[PDB]
């Protein structure tokens, strides 16, 4: 049964062979393919890519900050145009505005500052997911969306960047992430690990077992400057994925802490430095 | 190069072989797989399935009614629980409430009745798509969403049922539809034809050529009562897809009429009656 990272590598190769030159907002050209999908088993394995070292502690710490609903850059620990819409003095103090996990936990709420009490304000998308999984696991609407923060100033009712759908059958929790664009070199590996981790978390608090992570892309692209390192990455053979262990029984999504998680059996190839 | 309908047939076969029993809101069991994708070329062909006759005039007429933004059932020509939320006398007169194409043309507007003037109210998702294609064809946000009408009474900020993303490169317009659930027997063939048609329309008014239609599903399912007819459908060999012809030059999406369209070379297998 073939290693799932083989799908990611096949996608990179497909884009290098059949992608077309397409310009992005940031000047930089890309090689682009529209519409792709890969499926990663979460059953007794965790799809942290092995053809280069992925910084999983960073992935974890950023996901926890998302889960908190924080809009304070200071709060994002050691592990873009949107800033122009902010005031100077609030920006200086680390206040990002109503972005990222604010949308997950207070979707539609009116933002005051990064220190305001938003309890009870807006839709808690994340708790809605967890609650639906418990009240009706057959539901087809177990959906959570994220917005690129730069979009929120630009227009009325901007589309999401990412739509994440959960699914339950036979005691297994699966997750499908649709992303309108994905950078294959940097973003995608990170997003895979990040949503796979979220799925492990939610499965843990709802008493289910992780099933599959399905990653679907709109504009799947490779920045011109990542072409040569990706060509080299394609020559590396994947190693069996590692396992992820959750180290205590946790009951609410807000109680998880970075120390609750351990990776084991992770044997990646060396780090590839890709330049944003 | 293999016939694209082969993908749809492979999906049906996959669900029959590997799908699991899953119950749906309507009682009825289904065989379910989470996460699938198929790609249909629109380049000099139109993916109207050939392994059974698809009612394309109905597909066309319903899409035109959507495009109109109509909420009047009477207006939907010859070719569910949500009604319970409506008043008796408005319902009787055919007024469906702020549903279907109302969302496409007046997203977020406050609904009065089916005869009110909504010009200038809400976000015109469809014109926004067309406008972005003309102002920035590289954009990754060329997105239009549809909601299952039954959801709008149920909750604050319900998720979409369908997210449709367009993409432009080299003078070609492609479309990806993500659907959170798809009934393989009835819904999917219809949705394929419907969004492929929309893509032809938009391409025509923006001066592009149709590229690919990508269909992505969350809960891809087969109702228990469709199993035996689908098993028989799987034994039929697809015939080359037909072509679609747009018969005059049309400039605005609202000007299209059912008579502007002709199918040619359509040689389907006989009709399969699938019972909703």
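Because the Cβ atoms are built from the backbone with ideal geometry, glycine has one as well, and the counts that use them run over all protein chains shown. Since every read-out is calculated from the coordinates, none of them should be taken as a lab result.
Note on residue B:17/residue A:248: beta-carbon distance plugged into 1/(1 + (r/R0)^6) with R0 of 41 Å gives a FRET efficiency of 0.55.
For the stretch B:151-204, the square roots a ≥ b ≥ c of the C-alpha gyration tensor eigenvalues yield an a/c of 1.5 or more together with a/b not exceeding b/c, which makes the shape oblate.
What fraction of the Cα pairs in the stretch B:20-156, stated in percent, has a spacing above 23 angstrom? The answer is 53 percent, as a whole percent. For chain A, DSSP calls about 75 percent of its internal beta bridges antiparallel.
What average number of partner chain Cβ atoms lie no more than 10 Å from the Cβ of the residues making up B:126-138? Partner-chain Cβ atoms within 10 Å, mean over residues of B:126-138: 1.
When the helices of chain B are scored as -39500 (n - 2.57) per DSSP H run of n ≥ 4 and the total is divided over every residue, the value at 222 nm lands at -8500 deg cm²/dmol. Measuring between their Cα centroids, the stretch A:182-243 and the stretch B:175-226 lie 26 Å from each other. Let me know the shape class of the protein assembly as shown, please: from the alpha-carbon gyration tensor, a ≥ b ≥ c as square roots of the eigenvalues, rounded when a/c is under 1.5, otherwise prolate if a/b is greater than b/c, or oblate. It is rounded, given that a/c, with a ≥ b ≥ c, falls under 1.5.
Counting beta carbons within 10 Å around each of B:33, B:20 and listing the fewest first gives the order B:20, B:33. Fewest-first ordering of A:22, B:257, B:209, A:68 by other beta carbons within 10 Å of each residue's beta carbon gives B:257, B:209, A:68, A:22.
Given axes a ≥ b ≥ c from the Cα gyration tensor, I'd like to know whether the stretch A:139-276 is rounded (a/c under 1.5), prolate (a/b larger than b/c) or oblate. In terms of gyration-tensor shape, oblate.
For the pair residue A:74 and residue B:84, label points projected 7 Å from Cα toward Cβ lie 5.1 nm apart.
Applying 1/(1 + (r/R0)^6) with r as the Cβ-Cβ distance of residue A:235 and residue B:44 and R0 = 56 angstrom yields a FRET efficiency of 0.90.
The Cα trace of chain B gives Rg and Dmax of 18.8, 55 Å, the first to one decimal, the second as a whole number. Extension gain for residue A:115-residue A:138 works out to 4.5 nm (0.36 nm per residue, less the C-alpha to C-alpha distance).
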